[PDB]
Amino acid sequence: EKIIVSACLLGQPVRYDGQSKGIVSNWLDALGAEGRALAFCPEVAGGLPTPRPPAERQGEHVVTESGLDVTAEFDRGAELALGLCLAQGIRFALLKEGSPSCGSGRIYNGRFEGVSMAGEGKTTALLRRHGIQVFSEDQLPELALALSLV
Ligand code: SF4
Ligand SMILES: [Cl-]
Ligand SMILES: [Cl-]
């Protein structure tokens with residue numbers, strides 16, 4: 001049984017600033033070693049480059065600070081994450097917290113002022129809407145338990 005994981009959490013240099021968000025986790029390393037952790041970046045899958053400007057949700061829209069509307073790429077990325085889960089039989093996702101794509105408990109408030117609020121990214125919202133459970137990197141014990149139970 002496999003999971004989909006934000007590519008940056010696996011150390012891939014796909015974040016908007018070219019860096020990674022690699023986490024230290026013996027459990028996640030073991031899952032990857034078994035071919036069970038499928039790396040996926042919704043923004044790169046959706047056609048955005050690396051690096052790319054910071055973006056925030058404004059309701060259903062996703063925009064950069066200059067007003068460029070990148071919702072099309074964000075939605076494509078979300079739909080491709082769902083497509084990957086349906087094709088592979090995946091029911092769990094481990095996604096990066098705070099992201100306008102991968103956030104699950106919090107996101108930036110759309111005002112470009114470093115202020116977070118309760119909410120979720122576009123990919124997380126679509127996956128949850130289709131019965132896929134999404135956990136952040138702050139919820140590894142719950143994800144590991146959910147995965148082992150089935
Ligand atoms: S879109 Fe998600 S997986 Fe891709 S770099 Fe941003 S937080 Fe990581
Ligand atoms: Cl950052
Ligand atoms: Cl963050």
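Values in this text are rule-based calculations from the coordinates and carry no lab data. Cβ: placed from backbone, ideal geometry, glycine included. Neighbour counts: every protein chain shown.
Listing for the model above:
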| read-out | value |
| --- | --- |
| Evaluation of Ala39 against (1) buried (at least 20 other Cβ atoms within 10 Å of the Cβ); (2) outside any loop (DSSP other than H, G, I, E, B); (3) within 11 Å of ligand 1 (Cβ to nearest atom) (one fails), failing number | (1) |
| From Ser6, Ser101, residue being farther than 22 Å from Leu147 by Cα, touching a residue at least 40 places away in the same chain (Cβ under 8 Å) and among the small types (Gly, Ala, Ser) | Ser101 |
| Yes/no for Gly18 being within 16 Å of ligand 2 (Cβ to nearest atom) and at positive phi | yes |
| The range 15-30, subset more than 16 Å from ligand 3 (Cβ to nearest atom) and surrounded by fewer than 20 Cβ atoms within 10 Å (Cβ to Cβ), residue farthest from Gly114 (Cα to Cα) | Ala30 |
| All strands (runs of 3 or more DSSP E) inside the range 88-150 with 3 or more residues being in contact with a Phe, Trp or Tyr (Cβ under 9 Å, 6 or more places away or on another chain) and over 26 Å from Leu48 (Cα atoms) | none |
| Unmet criterion (only one of (1) closer than 23 Å to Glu79 by Cβ; (2) within 15 Å of the chain's Cα centre (by Cα)) for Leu140 | (1) |
| Single residue of the range 12-36 satisfying the filter (among the charged types (D, E, K, R) and over 18 Å from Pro100 (Cα atoms)) that is farthest from ligand 1 (Cβ to nearest atom) | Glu34 |
| So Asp138, is it of a type in the set (D, E, K, R), more than 15 Å from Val14 (Cβ to Cβ) and within 16 Å of ligand 2 (Cβ to nearest atom) | yes |
| Unmet requirement for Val63, which otherwise passes all of (1) more than 16 Å from ligand 3 (Cβ to nearest atom); (2) within 19 Å of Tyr108 (Cβ to Cβ); (3) in a helix (DSSP H, G or I) | (3) |
| Check on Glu79, within 22 Å of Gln19 (Cα to Cα) and more than 16 Å from ligand 2 (Cβ to nearest atom) | no |
